[PDB]
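S.K.: Chains as they are written, first to last, in this note's numbering: chain S, 1 to 54; chain B, 55 to 491; chain E, 492 to 914; chain L, 915 to 1246. For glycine and all other residues, C-beta sits at the position ideal for the given N, C-alpha and C.
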Amino acid sequence: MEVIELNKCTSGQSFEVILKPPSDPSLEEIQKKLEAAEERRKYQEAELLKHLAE
Amino acid sequence: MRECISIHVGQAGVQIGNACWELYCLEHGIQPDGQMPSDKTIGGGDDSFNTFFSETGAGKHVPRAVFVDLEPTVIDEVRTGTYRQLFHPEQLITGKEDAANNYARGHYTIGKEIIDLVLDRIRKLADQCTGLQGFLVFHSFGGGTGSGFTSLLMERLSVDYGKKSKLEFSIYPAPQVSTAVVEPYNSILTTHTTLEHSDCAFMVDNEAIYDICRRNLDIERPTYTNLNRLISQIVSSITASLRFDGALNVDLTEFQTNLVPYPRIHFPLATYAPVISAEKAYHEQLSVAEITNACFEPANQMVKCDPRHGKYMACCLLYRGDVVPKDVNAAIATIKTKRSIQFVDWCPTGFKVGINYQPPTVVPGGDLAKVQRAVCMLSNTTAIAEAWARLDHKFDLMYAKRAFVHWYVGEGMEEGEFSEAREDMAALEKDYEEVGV
Amino acid sequence: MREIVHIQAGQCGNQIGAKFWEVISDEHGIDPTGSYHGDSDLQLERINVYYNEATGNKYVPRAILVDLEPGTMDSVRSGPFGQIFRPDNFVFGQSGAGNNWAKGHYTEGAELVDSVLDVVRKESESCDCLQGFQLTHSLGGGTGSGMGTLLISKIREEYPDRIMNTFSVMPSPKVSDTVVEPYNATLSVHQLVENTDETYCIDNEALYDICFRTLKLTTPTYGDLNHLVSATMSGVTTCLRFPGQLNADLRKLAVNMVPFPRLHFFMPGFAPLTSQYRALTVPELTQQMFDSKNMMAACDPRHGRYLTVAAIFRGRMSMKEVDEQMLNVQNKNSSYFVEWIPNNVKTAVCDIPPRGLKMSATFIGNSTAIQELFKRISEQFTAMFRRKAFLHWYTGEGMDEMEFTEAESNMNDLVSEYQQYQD
Amino acid sequence: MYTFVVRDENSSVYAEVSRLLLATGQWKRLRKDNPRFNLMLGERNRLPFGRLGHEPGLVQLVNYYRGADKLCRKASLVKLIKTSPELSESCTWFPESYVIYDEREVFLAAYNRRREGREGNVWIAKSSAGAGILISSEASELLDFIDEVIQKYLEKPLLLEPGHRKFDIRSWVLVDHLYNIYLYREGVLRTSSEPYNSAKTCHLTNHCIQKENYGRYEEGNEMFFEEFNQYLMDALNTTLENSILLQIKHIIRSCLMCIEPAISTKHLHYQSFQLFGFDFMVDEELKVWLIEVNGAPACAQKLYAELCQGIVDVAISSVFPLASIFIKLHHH
Ligand SMILES: Nc1nc2c(ncn2[C@@H]2O[C@H](COP(=O)(O)OP(=O)(O)OP(=O)(O)O)[C@@H](O)[C@H]2O)c(=O)[nH]1
Ligand SMILES: Nc1ncnc2c1ncn2[C@@H]1O[C@H](COP(=O)(O)OP(=O)(O)CP(=O)(O)O)[C@@H](O)[C@H]1O
Ligand SMILES: Nc1nc2c(ncn2[C@@H]2O[C@H](COP(=O)(O)OP(=O)(O)O)[C@@H](O)[C@H]2O)c(=O)[nH]1
Ligand SMILES: [Ca+2]
Ligand SMILES: [Ca+2]
Ligand SMILES: [Ca+2]
Ligand SMILES: [Mg+2]
Ligand SMILES: [Mg+2]
Ligand SMILES: [Mg+2]
């Protein structure tokens, strides 16, 4: 039961009480994935309009 | 003094952000028109409250906040609300049509068309900062914007602000208030792509807030307003150290240092006490021992789970009110002999304690009664994995039949992202089981 | 400003569509001249979903009236709310379709479809953010069925990213005009499988049974049948017309209700159905709302399983008691809800009740029992088609027998797709 | 109309409990994977406690206590008794036990002081992966068996006459959702039909080992409390209550009150109950010893009807009321 690092100020205080000692993707790669999904949307719409044209 | 920028995404993020900034103004004595009579340095200053509020020459205290939603009706509540005078129009970003509870729609389809606009408005706030700490991101798991656009924003924030910390306040989906059947999908899709980009995330299960509002506030059918008033109290307890003088959790880095030893296990469990109904004309003020003991009752946790069947990696106690260290230690020694509090072998069994003497502020006319002292415990338990296990099970049930999957593929998402996201969650559950047993 | 463009086609579509606008104009406080005379801001908060605003604070329905005969649309213009419709939005021909799908879809209808699309374009151009379209029509005739599905296909081509929603009246030998209605319905259903996101299946067999058995009407009329459709159409659109959180627009409804793109045909239900001043309790609303006798599709829900369910309660009631009863119906009949879609029953509450009711309940169910409706149509189709009976009406318009054979195969596929998810 | 699910098809006890619930006409059984249940008769291994108590409008109850394995495992029980100050390791009613994979040096420590002081140095080894048990007086033989939990073998057991034969007492204990401890008034003595020879089958009193002289004295090597109490009066001039049953109730309360803070579902989003099987040994001095605790026990054939009904009375219907055979061990 040890209390360490007691810091006091006017608006309060803080401390630590111990009970027992122990025993990214780049901007390019993000734009590639976003443009890939947009192209897959464009392809699905082209297939629809081709189907509707038939 | 180092600044913090708050970002609120989707309906849940915006409405919760609205409730927090109202509470912040009441706590710092900031009037709705932006004026703050206690602030004597007019037009500037590097006080602790300046980490969240900038200052104009006219004396207005402007929140360092950005509101993003793909639908304008929720952010228009801010434009015409009580605190409309705080924000200037550059801080509020709306779209035409929302993401329709579809992660893929919010991340790929609509996110691509608005991500530059959001980042540019965030850049304007960062240019006002002499030393930006990082970002606090408020969002839901289940909404299409809150899940889809957030995970894109978190990726881009890691690109444009690589050295900055990022904290999350996430709303975990609960069917008693949820608005979509596919929310398990969106929750897992957004956890997968945000995991490597969030340093510390606080999950708030709507189920837990709902039952706390029914049980403790005697609200028969709690509304979002009831839920957001309570959530803003917890959020304020967590961010109070950034906005007031102190020594514990004084910058965003300290949250990771004090609560996240293993980076992937960055989901501290929050427990709050006491929650007293304002309709009670006179309630017995709970002692330090009583509110500290309540921190180990599942009924007061932001996520229902059993920390007894799990291990602790860290534990912070944030007291607000009439609290002295003597009463805290007396309460902890008593709790140790009555509670099952198993720490992991490679961490010290202890408690980092912070006390702010100002008692909690409640919204006048709200449902929460003013109390003389309150506490929020932040503990990293492996028991919070129970919430992942629930979420993953509901995912497995629908995905086995590919139910609703066509809505995501129709937005340009590949079916492989589902299984990829699910395998990540399976790895995450395995990490909790290794640490917890 | 999430606008919807309404289209009504054919005799049934325009008569049911007119009663729909008559009902929701009253609910929103709009008088027959387009002037608002209500007493609540809830009435105008989402008024732009279905109404445009003109000079003089006039509200003009965003409705387009289509038919190949002038007759029924002259009755609409002479009806109660006839003068509220935009006169340019009356698009009609003179030849009619003779209850012939081929005339509506291929010959007579193609001559008129372009001028309808011109009116659709003008409405959509003045939309802040068009959600999509709702169509009212029958599948048993020629204009609403043949030309309605042609309209839908051409609207999808020009607005491929907008939601298409239909109220589709299914024919029945109990309330039949001609014997070719199974032919017309089978041809239309395949169009709907491909080119709509949501279709409310309104079965004239169910509407007749409800009027006869429940409402105690020995000789039901189309007006009596359309009274049920008005109340149902008002109920299922409540979430679109009033502030709310659940299924507030057409796309979110589709995401909540449609787990598989082809299985998007809904069973609507309404409560109460009284033959009248007695106040109905919340348990009574919930039990009737799920009762087969309140279903508009003439399918037994106990013969199938619910994929998704949407329930809307209207009136001033206890939301706590609403949740208790909804949770009671599911927990007491959980075998009828599929287990591989968790929490697939969503509930909404709206304070404003319909006219003449203290409270009501509207049911929207995506049940696999709806295959019984398509089986019924498929049998009547096959009974004639195996002898090529009455096919000359269609081959005389340029159609080949192969197109009928393909429509037959497509609808049996639809039945099979429902059966595999029932297991 | 209450709903329940069955996830353990091999449970003889809860197969009867499920049968009784259906007979009441007020309980409906669902598919095993339906989550809209009031009651779960769950599986023995990997019960998903983390998915319980999250169904709105459903009071959910389960027939197992999460964490009770600490009491119902060989090595877990030994570690629990040693490390718990409530049991204090030096409790008189548990034989000196050691766990071996560790406590190898500690086991041989007290082993040397026994054979030197001419004391009885016979030990027994066992583990939770058995039907494989070895009994010997040489520690080298026992340790060679593990390399392919060692406790003191009670060399002076109480022997029933006529027969000069060993036995063990099984007590069924029901802990409800309020952590009331209910002791079933009926127990069984699983007796050995062979004379005890302290110089094979006469040492293990299991019902499967005796059946594999079986059934000579009593039916099925099972003596019930009425006959055993009568024998104690005629042979030892005492009663089952005084000589044995007071110690049994003491041991049951001690073990269950010790783990109560760890498994209690008092303020939990779901409630638990569990039927337990305590196994006791009686020595020639009428001292009761705890052997092990079974978390998934079977019942005696003559007692299935009474006990399974008692489970429905106090454990299930207490939470879900419809339209005493137990002794309540009171405690704090
Ligand atoms: N606690 C709380 N939860 C909310 C609130 N608003 C929405 N939610 C929850 O958030 C989830 C839905 O996500 P939303 O934030 O509403 O959706 P969104 O982020 O706006 O994205 P869209 O799909 O484009 O509308 C549901 O599970 C709701 O229960 C709120 O104000 N408070
Ligand atoms: N220390 C000891 N002294 C004397 N006998 C002992 C003993 N430890 C175990 N036994 C004998 O072993 C038997 C119990 O074995 P144990 O309970 O470990 O096996 P098991 O768990 O497979 C049977 P159960 O079905 O009751 O769980 C008893 O009949 C008892 O006679
Ligand atoms: N419910 C209802 N059904 C109708 C109405 N008018 C026609 N029908 C049905 O619609 C089918 C005939 O289609 P109809 O609309 O008259 O043909 P169209 O004008 O060429 O589209 C038959 O199944 C009729 O039972 C009506 O007012 N209400
Ligand atoms: Ca200042
Ligand atoms: Ca980073
Ligand atoms: Ca012509
Ligand atoms: Mg939204
Ligand atoms: Mg007609
Ligand atoms: Mg055993």
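1) What residues in its chain sit with their C-beta under 7 Å from that of residue 996 of chain L, if we drop five residues either side in the sequence?
2) Hey, does residue 52 of chain S have any beta-carbon neighbour from chain E nearer than 8 Å?
3) Alpha carbon to alpha carbon, how far is residue 1183 of chain L from residue 968 of chain L? Give it in angstroms, no decimals.
4) How is residue 1108 of chain L classed by DSSP in three states: helix, strand or coil?
5) If you check the beta carbons only, do residue 428 of chain B and residue 331 of chain B fall under 8 Å apart?
6) Taking DSSP's pairing of strands, which residues face residue 801 of chain E in a bridge?
7) Determine, using beta carbons only, whether residue 204 of chain B comes closer than 8 Å to chain E.
8) If contact is defined by three or more beta carbon pairs under 8 Å, each pair taking one atom from either stretch, is the segment 62 to 79 of chain B in contact with the segment 271 to 286 of chain B?
9) What is the C-beta distance between residue 121 of chain B and residue 145 of chain B, in whole angstroms, given that I count them as a contact (C-beta under 8 Å)?
10) Going straight from the alpha carbon of residue 19 of chain S to that of residue 1049 of chain L, what length do you get?
11) Using alpha carbons as the reference points, say which of E/806, E/851, E/778 lies closest to residue 824 of chain E.
12) Return yes when the Cβ of residue 466 of chain B is within less than 8 Å of the Cβ of residue 262 of chain B, no when it is not.
13) Go ahead and label residue 356 of chain B buried or exposed: buried means 16 or more other beta carbons lie within 10 angstroms of its beta carbon, across all protein chains shown.
14) Quick check on the DSSP output: what are the complete alpha helix (DSSP H) runs of length 4 or more inside the segment 554 to 587 of chain E, in order along the chain?
15) Pick out whichever of L/1087, L/1161, L/1074 has its Cα sitting closest to the Cα of residue 1149 of chain L.
16) Using three-state DSSP, classify residue 69 of chain B as helix, strand or coil.
17) Just mark residue 538 of chain E as buried or exposed, buried being the case when its beta carbon has 16 or more other beta carbons within 10 Å.
18) Mind checking if residue 900 of chain E is an interface residue toward chain S, Cβ cutoff 8 Å exclusive?
19) Looking at residue 426 of chain B: is its Cβ nearer than 8 Å to the Cβ of residue 381 of chain B?
20) In chain L, what lies closer than 8 Å to residue 394 of chain B by C-beta?
21) With a threshold of 6 Å on Cβ separation, who are the neighbours of residue 942 of chain L within its own chain once the five nearest residues in sequence on each side are excluded?
22) Which word fits residue 893 of chain E, buried or exposed, when buried means at least 16 other C-beta atoms lie within 10 angstroms of its C-beta?
23) Could you pull out every residue in the same chain whose Cβ sits closer than 8 Å to the Cβ of residue 474 of chain B, ignoring the five residues on either side in sequence?
24) What is the rounded straight-line gap between the Cα of residue 1094 of chain L and the Cα of residue 136 of chain B?
25) So residue 28 of chain B and residue 165 of chain B are supposed to be a Cβ contact under 8 Å. How far apart are they, rounded?
26) Less than 7 Å separating the Cβ of residue 1208 of chain L from some heavy atom of ligand 9?
27) Cα separation between residue 878 of chain E and residue 666 of chain E?
28) Compare the Cα-Cα distances from residue 608 of chain E to each of E/580, E/784, E/808 and report the closest residue.
29) Ignore the nearest five residues each way along the sequence and tell me which others in residue 1169 of chain L's own chain have a CB closer than 7 Å to its CB.
30) Assign residue 1144 of chain L to buried or exposed, taking buried as 16 or more other Cβ atoms, counted over all protein chains shown, within 10 Å of its Cβ.
31) Considering only heavy atoms of ligand 4 and the C-beta of each residue, which residues fall inside 5 Å, strictly closer?
32) From residue 528 of chain E to residue 510 of chain E, what does the alpha carbon distance come to, in whole angstroms?
33) Give me the residue from E/520, E/842, E/629 with the minimum Cα distance to residue 713 of chain E.
34) Is the beta carbon of residue 232 of chain B closer than 8 Å to that of residue 323 of chain B?
35) Contact between the segment 736 to 751 of chain E and the segment 811 to 827 of chain E: three or more CB pairs below 8 Å?
36) Count the other CB atoms within 10 Å of the CB of residue 252 of chain B; is the residue buried (16 or more) or exposed (fewer)?
M.R.: Reading it off the structure:
1) Translated into the one-based positions of the fourth sequence, residue 996 of chain L becomes position 82. Once the five neighbours on either side are set aside, the close Cβ partners of residue 996 of chain L are 1003.
2) Counting from one through the first sequence, the residue named residue 52 of chain S turns up at place 52. Judged by the 8 Å Cβ criterion, residue 52 of chain S is in contact with chain E.
3) Working through the fourth sequence from its first residue, we reach residue 968 of chain L at position 54. Working through the fourth sequence from its first residue, we reach residue 1183 of chain L at position 269. If you take the alpha carbons of residue 968 of chain L and residue 1183 of chain L, they lie about 7 Å apart.
4) In the fourth sequence, residue 1108 of chain L corresponds to position 194, counting from 1. Note: residue 1108 of chain L maps to strand in three-state DSSP.
5) In the second sequence, counting from the first residue as 1, residue 428 of chain B sits at position 374. In the second sequence, counting from the first residue as 1, residue 331 of chain B sits at position 277. No.
6) Here residue 801 of chain E is taken as the residue at index 310 of the third sequence, counted from 1. Partner(s): E/837, E/855.
7) Sequence index remark: in the second sequence, residue 204 of chain B carries index 150 (1-based). For residue 204 of chain B, the answer is no, since every Cβ of chain E falls outside 8 Å of its Cβ.
8) yes
9) As a working mapping, residue 121 of chain B is identified with position 67 in the second sequence. As a working mapping, residue 145 of chain B is identified with position 91 in the second sequence. So it is a contact: roughly 6 Å between Cβ atoms.
10) Walking along the first sequence from the start, residue 19 of chain S turns up at place 19. Walking along the fourth sequence from the start, residue 1049 of chain L turns up at place 135. Distance between the alpha carbons of residue 19 of chain S and residue 1049 of chain L: 43 Å.
11) For the purposes of this step, residue 824 of chain E is taken as the residue at position 333 of the third sequence. Residue 824 of chain E has its Cα closest to that of E/778, out of E/806, E/851, E/778.
12) Locating residue 262 of chain B in the second sequence gives position 208, counting from the first residue. Locating residue 466 of chain B in the second sequence gives position 412, counting from the first residue. Their beta carbons are not under 8 Å apart, which means residue 262 of chain B does not touch residue 466 of chain B by this criterion.
13) To locate residue 356 of chain B, count along the second sequence from 1; it is residue 302. Answer is buried; the Cβ neighbour count reaches 16.
14) 562 to 568
15) Residue 1149 of chain L sits at position 235 when you count from the first residue of the fourth sequence. Ranking the options by Cα distance to residue 1149 of chain L, first place goes to L/1074.
16) Position 15 of the second sequence, counted from the start, is the residue given in the question as residue 69 of chain B. Residue 69 of chain B falls in the helix class under three-state DSSP.
17) Position 47 of the third sequence holds residue 538 of chain E. Classification of residue 538 of chain E: buried, given that the 10 Å Cβ count is 16 or more.
18) Sequence index remark: in the third sequence, residue 900 of chain E carries index 409 (1-based). Closer than 8 Å: no.
19) For this step, residue 426 of chain B is matched to residue 372 along the second sequence. For this step, residue 381 of chain B is matched to residue 327 along the second sequence. No, they are not a contact pair.
20) For the purposes of this step, residue 394 of chain B is taken as residue 340 along the second sequence, with counting starting at 1. 1175, 1176, listed in chain order.
21) Taking the fourth sequence and counting its residues from 1, one reaches residue 942 of chain L at position 28. Same-chain partners within the cutoff: 915, 917.
22) Within the third sequence, numbered from 1, the residue matching residue 893 of chain E stands at position 402. Per the 10 Å Cβ criterion, exposed.
23) Reading the second sequence from its first residue, position 420 is the one you call residue 474 of chain B. If we look at residue 474 of chain B and ignore the five residues flanking it on each side, its Cβ neighbours are 246.
24) For the purposes of this step, residue 1094 of chain L is taken as residue 180 along the fourth sequence, with counting starting at 1. For the purposes of this step, residue 136 of chain B is taken as residue 82 along the second sequence, with counting starting at 1. Answer to the nearest angstrom: the Cα atoms are 54 Å apart.
25) Because chain B spans 55 through 491 in this model, residue 28 of chain B falls outside it and cannot be assessed.
26) Taking the first residue of the fourth sequence as position 1, residue 1208 of chain L is located at position 294. Yes; taking the cut-off as 7 Å, the Cβ of residue 1208 of chain L has a heavy atom of ligand 9 nearer than that.
27) Within the third sequence, the letter at position 387 stands for residue 878 of chain E. Within the third sequence, the letter at position 175 stands for residue 666 of chain E. Cα-Cα distance, rounded: 24 Å.
28) On the third sequence, position 117 is the one that residue 608 of chain E refers to. Ranking the options by Cα distance to residue 608 of chain E, first place goes to E/580.
29) Looking up residue 1169 of chain L in the fourth sequence gives position 255. Closer than 7 Å at Cβ, skipping near neighbours: 985, 1207.
30) Residue mapping note: residue 1144 of chain L aligns to position 230 of the fourth sequence, counting from 1. Residue 1144 of chain L is exposed by the Cβ-count criterion.
31) B/93, B/95, B/99
32) Against the third sequence, residue 528 of chain E aligns to sequence position 37. Against the third sequence, residue 510 of chain E aligns to sequence position 19. Roughly 19 Å separates the two Cα atoms.
33) If you number the third sequence from 1, residue 713 of chain E lands on position 222. That would be E/629, whose Cα lies nearest to the Cα of residue 713 of chain E.
34) If you number the second sequence from 1, residue 323 of chain B lands on position 269. If you number the second sequence from 1, residue 232 of chain B lands on position 178. No, the Cβ-Cβ distance between residue 323 of chain B and residue 232 of chain B is not below 8 Å.
35) no
36) As a first step, residue 252 of chain B must be located in the second sequence, where it is residue number 198. Buried, because 16 or more other Cβ atoms sit within 10 Å of the Cβ of residue 252 of chain B.
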